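Quick heads-up: it's one chain on its own, the form deposited in one PDB entry, in structure tokens.
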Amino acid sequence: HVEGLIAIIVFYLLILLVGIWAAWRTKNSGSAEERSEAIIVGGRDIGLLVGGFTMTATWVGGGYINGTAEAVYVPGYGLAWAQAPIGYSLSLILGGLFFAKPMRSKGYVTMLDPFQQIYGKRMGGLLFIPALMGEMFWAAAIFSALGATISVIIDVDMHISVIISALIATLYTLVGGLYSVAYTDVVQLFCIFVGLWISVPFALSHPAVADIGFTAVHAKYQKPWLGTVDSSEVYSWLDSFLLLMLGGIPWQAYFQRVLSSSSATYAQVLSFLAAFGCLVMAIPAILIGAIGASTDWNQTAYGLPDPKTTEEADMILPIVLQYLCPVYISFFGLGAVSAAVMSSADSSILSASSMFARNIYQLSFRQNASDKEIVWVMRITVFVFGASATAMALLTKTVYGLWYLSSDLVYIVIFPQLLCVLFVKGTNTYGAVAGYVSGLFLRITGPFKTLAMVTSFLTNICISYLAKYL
């Protein structure tokens, strides 16, 4: 109620102030005669602390902490079917092991730079379409989820909340660039960590909560929360896991921090330190889900209808932090959830705008452009993309339907091409078109998600080698 609103106002004011202050601090830190790169790659000196904070904050936002508890709470699901915490960590480990050093060693600026140099500028432009939709729909889904969460916590209609959040996210982003985004994520990580880890001890001691050890393997009010994977569901489980594991890498939000580190060796340690952070920040969510599963919602104020019978199972974590915690701590908990839902919007906006500013506007349409023109183009693009994302979140009712399609398209199309450029020699632009056509055809017409990725990958190689033989 009042405590939640007081937390939100303070948190957003602090974030705005830090974002503005970072721009003043770091306006002069860059190549003095190349201002276009200073707002994209950041001057190529970010250490272990700031890098480790921002890389962790990128991957631990969105629906992570609010859908990790829901999977544990809902009967028929459990720890077996909560695959985000393990998918993200394995994706980060694989990235740091195999992809991070080669990309940073060659000193690229954007993810599309490898493609345009070998395949061609036209093919680099064609691969811009799948990425831009993903970056512009992840932000829309995040904005919708934030509105839902805030309308549950307090009563302010979705429009004002989403508009006020999006304006603040865009304002410091266009003013600062990468440095504001990186310096504003330390506050978010500290808020989330402190709130969740101070809330969890108080919830566990409520008289209504039972023993989470006994509930895990024995049924008291509902089915055990460890879960079970049936013999029929093995392949669906593997496909769902592989989507997150092998589809989180080919994103520019990830490659904007791999390419902005001091050296190749410091671009691996950040991934290895973010893999640990993803696991560290997921334990309180699992614990809150287990609490919610073990609780008896008849002595608390929520009333006899259980949250999953009233059809509020997406908001189990706010309900626990509100009803099973004292107000002093509920303040910190609600601030933490509000910080958690908002984490990965600015990174997506900056990632979407940087590629259009560099690869599309500069390198293809207008090569002969000064740095001032490109700076203004980047700022205008940031504003337009933020406005478009907010409008899509508020008006259209098909945000998730398009997010699901774009997520599949990225994993089926972009990932096979990245492997081919980085690790396979002899590839041509005659096989890139074949892969791009074959993946799209199978996705649109008709586990078939992973089989399309292998068909897209294996059609890239055979045609490219065949074209050499003609």
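Take the two forms, find the largest set of C-alpha atoms that superpose within 1.5 Å, and that set is the rigid core. All residue numbers are counted from 1 along the displayed sequence.
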item	value
Chain break class for residue 446 to residue 447, judged by how many deposited residues have no coordinates	10 or more
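Not pictured, yet referred to below: the form deposited in another entry.
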query: Residue among 165, 343, 149, 184 whose Cα moves 2 Å or more between the shown form and the other one, once the rigid core is superposed; finding: 343
query: Threshold 2 Å Cα movement between the shown form and the other one at residue 206, rigid core reference; finding: yes
query: Core fit, then residue 325 C-alpha moves 2 Å or more between the shown form and the other one; finding: yes
query: Threshold 2 Å Cα movement between the shown form and the other one for residue 262, core superposed; finding: no
